[PDB]
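Enquirer: let's see this in three dimensions:
(chains A, B, C, D, E, F, G, H, I and J, ligands or ions: 285)
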Amino acid sequence: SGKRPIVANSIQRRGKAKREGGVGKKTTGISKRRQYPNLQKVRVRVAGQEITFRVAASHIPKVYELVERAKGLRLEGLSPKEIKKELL
Amino acid sequence: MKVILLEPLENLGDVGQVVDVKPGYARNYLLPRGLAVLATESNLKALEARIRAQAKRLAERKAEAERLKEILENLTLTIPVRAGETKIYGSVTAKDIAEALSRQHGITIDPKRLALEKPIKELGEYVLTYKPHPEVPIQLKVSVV
RNA sequence: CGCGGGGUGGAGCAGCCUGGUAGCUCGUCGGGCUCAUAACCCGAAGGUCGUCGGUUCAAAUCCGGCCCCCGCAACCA
RNA sequence: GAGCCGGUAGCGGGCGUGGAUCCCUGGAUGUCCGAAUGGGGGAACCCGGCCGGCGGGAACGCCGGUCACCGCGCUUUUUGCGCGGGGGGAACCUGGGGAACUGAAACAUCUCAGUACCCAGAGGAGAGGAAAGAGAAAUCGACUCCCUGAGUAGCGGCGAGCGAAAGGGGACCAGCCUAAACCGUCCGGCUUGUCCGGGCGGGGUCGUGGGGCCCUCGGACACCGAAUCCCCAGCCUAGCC
RNA sequence: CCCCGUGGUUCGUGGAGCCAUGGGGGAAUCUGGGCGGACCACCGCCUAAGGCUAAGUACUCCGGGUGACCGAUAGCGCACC
RNA sequence: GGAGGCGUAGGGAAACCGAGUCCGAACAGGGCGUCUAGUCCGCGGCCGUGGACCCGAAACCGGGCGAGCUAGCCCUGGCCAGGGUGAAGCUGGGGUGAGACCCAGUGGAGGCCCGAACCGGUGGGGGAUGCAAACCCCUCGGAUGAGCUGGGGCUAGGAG
RNA sequence: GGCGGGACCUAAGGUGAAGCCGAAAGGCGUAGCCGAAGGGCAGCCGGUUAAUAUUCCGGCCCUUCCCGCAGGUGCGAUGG
RNA sequence: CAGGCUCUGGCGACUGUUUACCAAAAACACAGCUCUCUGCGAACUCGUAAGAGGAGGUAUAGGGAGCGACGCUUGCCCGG
RNA sequence: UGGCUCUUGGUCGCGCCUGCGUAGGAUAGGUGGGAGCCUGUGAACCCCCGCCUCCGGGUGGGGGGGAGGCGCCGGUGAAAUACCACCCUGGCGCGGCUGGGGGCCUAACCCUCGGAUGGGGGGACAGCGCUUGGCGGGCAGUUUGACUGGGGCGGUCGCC
RNA sequence: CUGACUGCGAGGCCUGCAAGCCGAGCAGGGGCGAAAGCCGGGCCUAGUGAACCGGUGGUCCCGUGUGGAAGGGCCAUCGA
Ligand SMILES: [Mg+2]
Ligand SMILES: [Mg+2]
Ligand SMILES: [Mg+2]
Ligand SMILES: [Mg+2]
Ligand SMILES: [Mg+2]
Ligand SMILES: [Mg+2]
Ligand SMILES: [Mg+2]
Ligand SMILES: [Mg+2]
Ligand SMILES: [Mg+2]
Ligand SMILES: [Mg+2]
Ligand SMILES: [Mg+2]
Ligand SMILES: [Mg+2]
Ligand SMILES: [Mg+2]
Ligand SMILES: [Mg+2]
Ligand SMILES: [Mg+2]
Ligand SMILES: [Mg+2]
Ligand SMILES: [Mg+2]
Ligand SMILES: [Mg+2]
Ligand SMILES: [Mg+2]
Ligand SMILES: [Mg+2]
Ligand SMILES: [Mg+2]
Ligand SMILES: [Mg+2]
Ligand SMILES: [Mg+2]
Ligand SMILES: [Mg+2]
Ligand SMILES: [Mg+2]
Ligand SMILES: [Mg+2]
Ligand SMILES: [Mg+2]
Ligand SMILES: [Mg+2]
Ligand SMILES: [Mg+2]
Ligand SMILES: [Mg+2]
Ligand SMILES: [Mg+2]
Ligand SMILES: [Mg+2]
Ligand SMILES: [Mg+2]
Ligand SMILES: [Mg+2]
Ligand SMILES: [Mg+2]
Ligand SMILES: [Mg+2]
Ligand SMILES: [Mg+2]
Ligand SMILES: [Mg+2]
Ligand SMILES: [Mg+2]
Ligand SMILES: [Mg+2]
Ligand SMILES: [Mg+2]
Ligand SMILES: [Mg+2]
Ligand SMILES: [Mg+2]
Ligand SMILES: [Mg+2]
Ligand SMILES: [Mg+2]
Ligand SMILES: [Mg+2]
Ligand SMILES: [Mg+2]
Ligand SMILES: [Mg+2]
Ligand SMILES: [Mg+2]
Ligand SMILES: [Mg+2]
Ligand SMILES: [Mg+2]
Ligand SMILES: [Mg+2]
Ligand SMILES: [Mg+2]
Ligand SMILES: [Mg+2]
Ligand SMILES: [Mg+2]
Ligand SMILES: [Mg+2]
Ligand SMILES: [Mg+2]
Ligand SMILES: [Mg+2]
Ligand SMILES: [Mg+2]
Ligand SMILES: [Mg+2]
Ligand SMILES: [Mg+2]
Ligand SMILES: [Mg+2]
Ligand SMILES: [Mg+2]
Ligand SMILES: [Mg+2]
Ligand SMILES: [Mg+2]
Ligand SMILES: [Mg+2]
Ligand SMILES: [Mg+2]
Ligand SMILES: [Mg+2]
Ligand SMILES: [Mg+2]
Ligand SMILES: [Mg+2]
Ligand SMILES: [Mg+2]
Ligand SMILES: [Mg+2]
Ligand SMILES: [Mg+2]
Ligand SMILES: [Mg+2]
Ligand SMILES: [Mg+2]
Ligand SMILES: [Mg+2]
Ligand SMILES: [Mg+2]
Ligand SMILES: [Mg+2]
Ligand SMILES: [Mg+2]
Ligand SMILES: [Mg+2]
Ligand SMILES: [Mg+2]
Ligand SMILES: [Mg+2]
Ligand SMILES: [Mg+2]
Ligand SMILES: [Mg+2]
Ligand SMILES: [Mg+2]
Ligand SMILES: [Mg+2]
Ligand SMILES: [Mg+2]
Ligand SMILES: [Mg+2]
Ligand SMILES: [Mg+2]
Ligand SMILES: [Mg+2]
Ligand SMILES: [Mg+2]
Ligand SMILES: [Mg+2]
Ligand SMILES: [Mg+2]
Ligand SMILES: [Mg+2]
Ligand SMILES: [Mg+2]
Ligand SMILES: [Mg+2]
Ligand SMILES: [Mg+2]
Ligand SMILES: [Mg+2]
Ligand SMILES: [Mg+2]
Ligand SMILES: [Mg+2]
Ligand SMILES: [Mg+2]
Ligand SMILES: [Mg+2]
Ligand SMILES: [Mg+2]
Ligand SMILES: [Mg+2]
Ligand SMILES: [Mg+2]
Ligand SMILES: [Mg+2]
Ligand SMILES: [Mg+2]
Ligand SMILES: [Mg+2]
Ligand SMILES: [Mg+2]
Ligand SMILES: [Mg+2]
Ligand SMILES: [Mg+2]
Ligand SMILES: [Mg+2]
Ligand SMILES: [Mg+2]
Ligand SMILES: [Mg+2]
Ligand SMILES: [Mg+2]
Ligand SMILES: [Mg+2]
Ligand SMILES: [Mg+2]
Ligand SMILES: [Mg+2]
Ligand SMILES: [Mg+2]
Ligand SMILES: [Mg+2]
Ligand SMILES: [Mg+2]
Ligand SMILES: [Mg+2]
Ligand SMILES: [Mg+2]
Ligand SMILES: [Mg+2]
Ligand SMILES: [Mg+2]
Ligand SMILES: [Mg+2]
Ligand SMILES: [Mg+2]
Ligand SMILES: [Mg+2]
Ligand SMILES: [Mg+2]
Ligand SMILES: [Mg+2]
Ligand SMILES: [Mg+2]
Ligand SMILES: [Mg+2]
Ligand SMILES: [Mg+2]
Ligand SMILES: [Mg+2]
Ligand SMILES: [Mg+2]
Ligand SMILES: [Mg+2]
Ligand SMILES: [Mg+2]
Ligand SMILES: [Mg+2]
Ligand SMILES: [Mg+2]
Ligand SMILES: [Mg+2]
Ligand SMILES: [Mg+2]
Ligand SMILES: [Mg+2]
Ligand SMILES: [Mg+2]
Ligand SMILES: [Mg+2]
Ligand SMILES: [Mg+2]
Ligand SMILES: [Mg+2]
Ligand SMILES: [Mg+2]
Ligand SMILES: [Mg+2]
Ligand SMILES: [Mg+2]
Ligand SMILES: [Mg+2]
Ligand SMILES: [Mg+2]
Ligand SMILES: [Mg+2]
Ligand SMILES: [Mg+2]
Ligand SMILES: [Mg+2]
Ligand SMILES: [Mg+2]
Ligand SMILES: [Mg+2]
Ligand SMILES: [Mg+2]
Ligand SMILES: [Mg+2]
Ligand SMILES: [Mg+2]
Ligand SMILES: [Mg+2]
Ligand SMILES: [Mg+2]
Ligand SMILES: [Mg+2]
Ligand SMILES: [Mg+2]
Ligand SMILES: [Mg+2]
Ligand SMILES: [Mg+2]
Ligand SMILES: [Mg+2]
Ligand SMILES: [Mg+2]
Ligand SMILES: [Mg+2]
Ligand SMILES: [Mg+2]
Ligand SMILES: [Mg+2]
Ligand SMILES: [Mg+2]
Ligand SMILES: [Mg+2]
Ligand SMILES: [Mg+2]
Ligand SMILES: [Mg+2]
Ligand SMILES: [Mg+2]
Ligand SMILES: [Mg+2]
Ligand SMILES: [Mg+2]
Ligand SMILES: [Mg+2]
Ligand SMILES: [Mg+2]
Ligand SMILES: [Mg+2]
Ligand SMILES: [Mg+2]
Ligand SMILES: [Mg+2]
Ligand SMILES: [Mg+2]
Ligand SMILES: [Mg+2]
Ligand SMILES: [Mg+2]
Ligand SMILES: [Mg+2]
Ligand SMILES: [Mg+2]
Ligand SMILES: [Mg+2]
Ligand SMILES: [Mg+2]
Ligand SMILES: [Mg+2]
Ligand SMILES: [Mg+2]
Ligand SMILES: [Mg+2]
Ligand SMILES: [Mg+2]
Ligand SMILES: [Mg+2]
Ligand SMILES: [Mg+2]
Ligand SMILES: [Mg+2]
Ligand SMILES: [Mg+2]
Ligand SMILES: [Mg+2]
Ligand SMILES: [Mg+2]
Ligand SMILES: [Mg+2]
Ligand SMILES: [Mg+2]
Ligand SMILES: [Mg+2]
Ligand SMILES: [Mg+2]
Ligand SMILES: [Mg+2]
Ligand SMILES: [Mg+2]
Ligand SMILES: [Mg+2]
Ligand SMILES: [Mg+2]
Ligand SMILES: [Mg+2]
Ligand SMILES: [Mg+2]
Ligand SMILES: [Mg+2]
Ligand SMILES: [Mg+2]
Ligand SMILES: [Mg+2]
Ligand SMILES: [Mg+2]
Ligand SMILES: [Mg+2]
Ligand SMILES: [Mg+2]
Ligand SMILES: [Mg+2]
Ligand SMILES: [Mg+2]
Ligand SMILES: [Mg+2]
Ligand SMILES: [Mg+2]
Ligand SMILES: [Mg+2]
Ligand SMILES: [Mg+2]
Ligand SMILES: [Mg+2]
Ligand SMILES: [Mg+2]
Ligand SMILES: [Mg+2]
Ligand SMILES: [Mg+2]
Ligand SMILES: [Mg+2]
Ligand SMILES: [Mg+2]
Ligand SMILES: [Mg+2]
Ligand SMILES: [Mg+2]
Ligand SMILES: [Mg+2]
Ligand SMILES: [Mg+2]
Ligand SMILES: [Mg+2]
Ligand SMILES: [Mg+2]
Ligand SMILES: [Mg+2]
Ligand SMILES: [Mg+2]
Ligand SMILES: [Mg+2]
Ligand SMILES: [Mg+2]
Ligand SMILES: [Mg+2]
Ligand SMILES: [Mg+2]
Ligand SMILES: [Mg+2]
Ligand SMILES: [Mg+2]
Ligand SMILES: [Mg+2]
Ligand SMILES: [Mg+2]
Ligand SMILES: [Mg+2]
Ligand SMILES: [Mg+2]
Ligand SMILES: [Mg+2]
Ligand SMILES: [Mg+2]
Ligand SMILES: [Mg+2]
Ligand SMILES: [Mg+2]
Ligand SMILES: [Mg+2]
Ligand SMILES: [Mg+2]
Ligand SMILES: [Mg+2]
Ligand SMILES: [Mg+2]
Ligand SMILES: [Mg+2]
Ligand SMILES: [Mg+2]
Ligand SMILES: [Mg+2]
Ligand SMILES: [Mg+2]
Ligand SMILES: [Mg+2]
Ligand SMILES: [Mg+2]
Ligand SMILES: [Mg+2]
Ligand SMILES: [Mg+2]
Ligand SMILES: [Mg+2]
Ligand SMILES: [Mg+2]
Ligand SMILES: [Mg+2]
Ligand SMILES: [Mg+2]
Ligand SMILES: [Mg+2]
Ligand SMILES: [Mg+2]
Ligand SMILES: [Mg+2]
Ligand SMILES: [Mg+2]
Ligand SMILES: [Mg+2]
Ligand SMILES: [Mg+2]
Ligand SMILES: [Mg+2]
Ligand SMILES: [Mg+2]
Ligand SMILES: [Mg+2]
Ligand SMILES: [Mg+2]
Ligand SMILES: [Mg+2]
Ligand SMILES: [Mg+2]
Ligand SMILES: [Mg+2]
Ligand SMILES: [Mg+2]
Ligand SMILES: [Mg+2]
Ligand SMILES: [Mg+2]
Ligand SMILES: [Mg+2]
Ligand SMILES: [Mg+2]
Ligand SMILES: [Mg+2]
Ligand SMILES: [Mg+2]
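Expert: Numbers count the residues shown, from 1 in each chain, chains lettered A, B, ... in the order given. Ligands and ions are numbered 1, 2, ... in the order given. Structure as follows:
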């Protein structure tokens, strides 16, 4: 999946194997294949409660940057999932 | 990573600093324990504030130091309070040293920022050392009688 | 094709570092010794050290090219 | 404007110039099933909560109302209340996935073809759209569609095949709003600050570069103007001469 | 932005740029930054990483009009319950 | 409606030149080209692209539909006339130092025996436009088991 | 009302709050809910109709529920 | 209604299983032997995944393979 | 994707040291300069210490000691033996860049414990993402010629 | 001594096409020979391979806004 601040699906783009010179020629073999987004979990606190993020490796920082913006935010209310959501 | 730490560590350094560490050390330790903080744009500036605020602050106090430093130098506090022929009937403290000053002129001064251990019980004239700033000492002339 | 490392006694290899050095095993002949092959002991012959050119006082040695076998992957319309 | 109680005659019995049947518009009523939505389930059935009613009526039954889930917003968490989603549609449209036969006179690159089909979503269309454009003219000026450019330029086991764009001719014609600097205010947090952040309001939108703040111009009634709003013409949903 | 893997384009790795982007590294705010088919210089063009926008276009469930269209083995599978 | 197309000039890979031009040192030779044709519409014959005269595969691929037949398992129930044989164990007696062991009685074991239901399908005949798209008669196999059977439910197409 | 099923229970399975997974469609899943030819539950004998009958009738017998009374006791649950 | 018996070979130990509809067997299966993988979030299988089976099992267990009651036995070769 | 620590490599700069056939008196990597060079910018002879070895000498660090010490040519080898310079072969001390190996830790990530903000095991490993090369009928798509007194097998396939 | 030439090539043989073969003479520039003249390999008929893709040398040419460069073309030759 893709899920979080990430915003990245999983693109199906082929991988074609070839045999060759480049200084004599270059020929082929080709098939569809699915490229996945490097993707990790990120646990963080945010007031009370924990809260995980199924984010891509790229935007791991964005998530911390989000908790920083959350300090300026008024939250609580037994909001486990609810925080994440209201957490933009 | 760039991070601004809020705690001295033999590791990285004294508080308020800003040092590069590997993101891990930040993400999974320093940052959440709170020993350090993501040095975002906001924080770097929130640190300007934290500086400028006390920075100009102290200088503006030292201001009111060269203010007293000039008055307190060209002046002697004549302190009339009964006394034997050498010793004093009772005693003069900084508190008194202070009120006499705040009356005999109107200049207010913190009694504590005034070097004097045991109260004066001798009769005579002295010069006690006042200190609102650790780089602005003031020799205060006086005269119990 | 470019990459790598060698052509040393009748057989190879050590010597090629970091120049001042041909020795090893078996083999050939002779001698010693055994019933005897043989083991064993003494001694000797059999190498432009692939080749030519160059450094150096001095090379198998360092360097160029060449002649050849081995190996490396990689290309073949 | 004379008949009428469908197709549908007959048994039986009615209605119409006190203007019926019939046609157009609006409203009413609308069992159960179906997105199906109180809960269940083998659609068209079965069982129940709360409130009010019906019967002698507390047991039973029936009637009226109401009670799924999900998103967004007020609700202080709360529990609420409010607007929205759900499902369907011939073809058309966009997006996420996506073949093989067959062709190459075999076949693997290649072709068929981003077609067939599956999925989600849009709507009377959909997509695209005001230049980080094109490309050689010190030129053009959003997007879309048609003609042409052109079977060109190219791509290609240089095979089989595939196959542009600019430019010109037409249709249509339209441009706009934000983000940020800076200013104001509401709330939170905290190492109370000349701060950090979140929300709301002002401000601002460009490539002759534009915008912000500061100073000078006078800063203006004027000037432009909706793709939102109102009314009207016209038009369609019965007829008439 | 450069690199690795790909997709789009006429472009099948080709001297391969442009648009897009799964992985890695990772800026700047106009003396900025993209592009004009590798690259470099010169000279031009253009301002990315927010959004909306009518008409001209496509379709025929539906109603109407018309035919060198059919006439019941034809014409829609069905003129007909 | 002149955008656009074809035609008016060729030769050369091109740069280029032009009634020429290319090869070449060549005013040798030689290739190709000069001494003009064309286009627009109708019609016909053929060619290319599309299913391209018509009817016919065995196949392949995409999405769906099937385990109410059959196969396996899961859940819960049901069924197996009658007869036979007589294991261990136990009781008792014998036996020995104690015992193994012996005998009798008792007992009721078993993918045990005979054989109906029920589950098969061995050989023969019959049937062969059938009673029947697998039947019929004789015969034969299993029959407390790895048994048979009702109801509920699960697994499927390169999959079960 | 008593037979069978339902206003009872749970089985395999199914479904499916929570939770997890997946390009979409979807896949898995605790509780719970559904799911029976299993558990649970009150009717027998006889008569009668052209045609039904533990269903109508006759005799005899029983269950749950509501209300009231009399008597009795800490009563009380999806929890043990 | 209701066994023809005997002797002697082959195959397969045995009861079972099978080509629904031309093959019931000497074919499969079987108890049993051997090799081998697997230390538990097991190995292996299904699934893109989550997950599930394995097993709520733990090497006297589980997967894979061959041989196939029982008796006697199972030689030499590690170049490919 | 992290904290600590030991250990080791490449490579560059700096610093410093090693590389001993006769010969010349000599155990002088190279080439070139220049007769002069050290010592109070405290020397020779001698005690202590590190490192090398060709077993002699060599070089660096602590003291006694005191104004004395080396070179040159002749000699001599292939070259000259003070001193200064660029550099080589090999190595040591510093920092820069950069990698390989061991150990420990816990907080990522993973497992687990009658909820746990927690505790226990694992641990920067494993899982997963991108990329590398490999093994790979488990699976997929295809290919596997024509002549031919039928096909196959055999023979043949172009040129003189 | 190096005509085992360079630039051509009238005209034919042969032939479905593609290909194969013989060739006078012209220019350049040269070898042998006194000269006439002969020499564009070998007495002759076998000793071979279209196209495409690519390599090395060269060179009037092309070079994506311009100048270069990348690459390509042309000539020569190479890998069946
Ligand atoms: Mg996820
Ligand atoms: Mg991404
Ligand atoms: Mg998605
Ligand atoms: Mg790949
Ligand atoms: Mg190349
Ligand atoms: Mg190719
Ligand atoms: Mg293909
Ligand atoms: Mg394919
Ligand atoms: Mg993490
Ligand atoms: Mg969460
Ligand atoms: Mg990254
Ligand atoms: Mg914030
Ligand atoms: Mg809440
Ligand atoms: Mg809550
Ligand atoms: Mg939400
Ligand atoms: Mg809110
Ligand atoms: Mg990191
Ligand atoms: Mg006094
Ligand atoms: Mg007195
Ligand atoms: Mg006062
Ligand atoms: Mg004051
Ligand atoms: Mg004061
Ligand atoms: Mg100070
Ligand atoms: Mg090598
Ligand atoms: Mg040898
Ligand atoms: Mg040897
Ligand atoms: Mg040796
Ligand atoms: Mg010997
Ligand atoms: Mg010899
Ligand atoms: Mg030799
Ligand atoms: Mg010799
Ligand atoms: Mg050989
Ligand atoms: Mg060999
Ligand atoms: Mg080798
Ligand atoms: Mg009428
Ligand atoms: Mg009527
Ligand atoms: Mg009627
Ligand atoms: Mg009627
Ligand atoms: Mg009538
Ligand atoms: Mg009538
Ligand atoms: Mg009548
Ligand atoms: Mg009428
Ligand atoms: Mg009528
Ligand atoms: Mg109506
Ligand atoms: Mg009503
Ligand atoms: Mg309903
Ligand atoms: Mg409702
Ligand atoms: Mg429902
Ligand atoms: Mg009520
Ligand atoms: Mg009532
Ligand atoms: Mg209603
Ligand atoms: Mg109700
Ligand atoms: Mg929900
Ligand atoms: Mg909701
Ligand atoms: Mg709202
Ligand atoms: Mg809400
Ligand atoms: Mg409200
Ligand atoms: Mg509010
Ligand atoms: Mg709420
Ligand atoms: Mg309230
Ligand atoms: Mg609330
Ligand atoms: Mg509500
Ligand atoms: Mg509610
Ligand atoms: Mg509302
Ligand atoms: Mg809607
Ligand atoms: Mg819709
Ligand atoms: Mg698409
Ligand atoms: Mg897609
Ligand atoms: Mg095929
Ligand atoms: Mg074929
Ligand atoms: Mg295609
Ligand atoms: Mg599509
Ligand atoms: Mg959706
Ligand atoms: Mg829809
Ligand atoms: Mg539109
Ligand atoms: Mg749009
Ligand atoms: Mg704009
Ligand atoms: Mg195509
Ligand atoms: Mg086409
Ligand atoms: Mg076009
Ligand atoms: Mg145009
Ligand atoms: Mg136009
Ligand atoms: Mg028009
Ligand atoms: Mg316009
Ligand atoms: Mg604010
Ligand atoms: Mg907000
Ligand atoms: Mg604002
Ligand atoms: Mg605003
Ligand atoms: Mg505005
Ligand atoms: Mg303005
Ligand atoms: Mg703009
Ligand atoms: Mg400006
Ligand atoms: Mg202003
Ligand atoms: Mg004014
Ligand atoms: Mg103004
Ligand atoms: Mg507007
Ligand atoms: Mg009208
Ligand atoms: Mg009307
Ligand atoms: Mg009238
Ligand atoms: Mg770029
Ligand atoms: Mg990569
Ligand atoms: Mg790669
Ligand atoms: Mg790329
Ligand atoms: Mg694609
Ligand atoms: Mg492509
Ligand atoms: Mg194309
Ligand atoms: Mg392509
Ligand atoms: Mg490309
Ligand atoms: Mg790009
Ligand atoms: Mg990317
Ligand atoms: Mg760009
Ligand atoms: Mg451009
Ligand atoms: Mg360019
Ligand atoms: Mg531009
Ligand atoms: Mg722009
Ligand atoms: Mg921008
Ligand atoms: Mg913009
Ligand atoms: Mg825009
Ligand atoms: Mg945009
Ligand atoms: Mg639009
Ligand atoms: Mg139209
Ligand atoms: Mg019509
Ligand atoms: Mg009509
Ligand atoms: Mg008509
Ligand atoms: Mg007609
Ligand atoms: Mg008919
Ligand atoms: Mg018909
Ligand atoms: Mg007729
Ligand atoms: Mg007919
Ligand atoms: Mg129709
Ligand atoms: Mg019809
Ligand atoms: Mg009908
Ligand atoms: Mg009909
Ligand atoms: Mg031409
Ligand atoms: Mg001529
Ligand atoms: Mg001719
Ligand atoms: Mg001519
Ligand atoms: Mg001619
Ligand atoms: Mg002509
Ligand atoms: Mg014509
Ligand atoms: Mg024609
Ligand atoms: Mg033709
Ligand atoms: Mg054609
Ligand atoms: Mg056909
Ligand atoms: Mg035809
Ligand atoms: Mg045709
Ligand atoms: Mg079945
Ligand atoms: Mg059956
Ligand atoms: Mg029995
Ligand atoms: Mg007995
Ligand atoms: Mg006894
Ligand atoms: Mg006994
Ligand atoms: Mg007895
Ligand atoms: Mg016994
Ligand atoms: Mg006994
Ligand atoms: Mg007995
Ligand atoms: Mg017995
Ligand atoms: Mg008995
Ligand atoms: Mg039996
Ligand atoms: Mg038997
Ligand atoms: Mg029976
Ligand atoms: Mg039977
Ligand atoms: Mg039978
Ligand atoms: Mg039979
Ligand atoms: Mg049979
Ligand atoms: Mg038979
Ligand atoms: Mg028969
Ligand atoms: Mg018959
Ligand atoms: Mg018959
Ligand atoms: Mg029988
Ligand atoms: Mg039997
Ligand atoms: Mg059964
Ligand atoms: Mg059963
Ligand atoms: Mg049933
Ligand atoms: Mg199939
Ligand atoms: Mg299929
Ligand atoms: Mg299979
Ligand atoms: Mg299978
Ligand atoms: Mg009963
Ligand atoms: Mg009942
Ligand atoms: Mg129930
Ligand atoms: Mg039930
Ligand atoms: Mg239940
Ligand atoms: Mg269950
Ligand atoms: Mg789902
Ligand atoms: Mg979903
Ligand atoms: Mg499910
Ligand atoms: Mg159900
Ligand atoms: Mg139930
Ligand atoms: Mg029951
Ligand atoms: Mg029952
Ligand atoms: Mg009873
Ligand atoms: Mg009764
Ligand atoms: Mg009874
Ligand atoms: Mg009856
Ligand atoms: Mg009764
Ligand atoms: Mg009690
Ligand atoms: Mg109590
Ligand atoms: Mg109780
Ligand atoms: Mg009998
Ligand atoms: Mg018998
Ligand atoms: Mg007999
Ligand atoms: Mg027998
Ligand atoms: Mg058998
Ligand atoms: Mg046997
Ligand atoms: Mg049996
Ligand atoms: Mg079976
Ligand atoms: Mg059978
Ligand atoms: Mg059977
Ligand atoms: Mg059959
Ligand atoms: Mg069959
Ligand atoms: Mg049998
Ligand atoms: Mg079988
Ligand atoms: Mg076994
Ligand atoms: Mg055995
Ligand atoms: Mg093991
Ligand atoms: Mg598998
Ligand atoms: Mg798998
Ligand atoms: Mg498990
Ligand atoms: Mg289990
Ligand atoms: Mg085993
Ligand atoms: Mg034996
Ligand atoms: Mg054996
Ligand atoms: Mg033997
Ligand atoms: Mg072997
Ligand atoms: Mg071995
Ligand atoms: Mg071996
Ligand atoms: Mg790693
Ligand atoms: Mg040396
Ligand atoms: Mg020597
Ligand atoms: Mg001498
Ligand atoms: Mg010098
Ligand atoms: Mg000199
Ligand atoms: Mg001199
Ligand atoms: Mg010196
Ligand atoms: Mg000196
Ligand atoms: Mg020493
Ligand atoms: Mg030395
Ligand atoms: Mg000298
Ligand atoms: Mg010297
Ligand atoms: Mg350091
Ligand atoms: Mg280092
Ligand atoms: Mg370093
Ligand atoms: Mg380490
Ligand atoms: Mg450890
Ligand atoms: Mg520990
Ligand atoms: Mg630990
Ligand atoms: Mg701890
Ligand atoms: Mg992690
Ligand atoms: Mg926890
Ligand atoms: Mg934790
Ligand atoms: Mg823990
Ligand atoms: Mg732990
Ligand atoms: Mg540990
Ligand atoms: Mg480890
Ligand atoms: Mg790792
Ligand atoms: Mg292998
Ligand atoms: Mg294999
Ligand atoms: Mg392979
Ligand atoms: Mg293979
Ligand atoms: Mg295959
Ligand atoms: Mg194919
Ligand atoms: Mg082939
Ligand atoms: Mg043939
Ligand atoms: Mg033949
Ligand atoms: Mg014949
Ligand atoms: Mg053959
Ligand atoms: Mg020939
Ligand atoms: Mg000719
Ligand atoms: Mg010819
Ligand atoms: Mg020839
Ligand atoms: Mg010929
Ligand atoms: Mg000859
Ligand atoms: Mg001939
Ligand atoms: Mg080809
Ligand atoms: Mg070429
Ligand atoms: Mg050139
Ligand atoms: Mg030329
Ligand atoms: Mg040029
Ligand atoms: Mg040029
Ligand atoms: Mg261009
Ligand atoms: Mg130009
Ligand atoms: Mg250029
Ligand atoms: Mg070139
Ligand atoms: Mg070239």
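Enquirer: looking at chain A, which residue is nearest ligand 12?
Expert: residue A:69 (2.9 Å; C-beta to the ion). Every C-beta, even on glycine, is put in place using the N, C-alpha and C of the backbone.
Enquirer: surely that residue is in a helix?
Expert: Yes - under DSSP: H, G, I helix; E, B strand; the rest coil, residue A:69 sits within a helix.
Enquirer: that one contacts residue A:63, doesn't it?
Expert: No - with the criterion set as C-beta atoms under 8 Å, residue A:69 and residue A:63 do not qualify as a contacting pair; they are 10.8 Å apart.
Enquirer: the more surrounded of these two?
Expert: Neighbour count, other C-beta atoms under 10 Å in any protein chain shown: between residue A:69 and residue A:63, residue A:63 has more, with 21 against 12.
Enquirer: which stretches in chain B count as helices?
Expert: For chain B, the helices defined by DSSP state H occupy B:23-25, B:31-33, B:41-73, B:94-104.
Enquirer: which elements pack onto the third one?
Expert: Just to be clear, that refers to helix B:41-73. In terms of contacts (3 or more C-beta pairs under 8 Å, 6 or more residues apart in numbering or on different chains; DSSP states H and E), helix B:41-73 is packed against strand B:2-5, strand B:127-133, strand B:136-144.
Enquirer: list the helices and strands the longest one packs on?
Expert: If I follow you right, that is strand B:136-144. If you count contacts as 3+ C-beta pairs under 8 Å, 6+ apart, strand B:136-144 packs onto helix B:41-73, strand B:76-79, strand B:127-133.
Enquirer: what angle do it and helix B:41-73 make?
Expert: Per axes from the mean of the first three to the mean of the last three C-alpha atoms, to 10 degrees, the angle that strand B:136-144 makes with helix B:41-73 is 30 degrees.
Enquirer: quick one, what contacts the residue in chain A positioned nearest to RNA strand G?
Expert: Relative to RNA strand G, the nearest point of chain A is residue A:1 (3.7 Å; C-beta to the nearest atom of the strand). Shown in contact with residue A:1 (C-beta atoms under 8 Å, 6 or more residues apart in numbering or on different chains): A:10, A:39, A:54.
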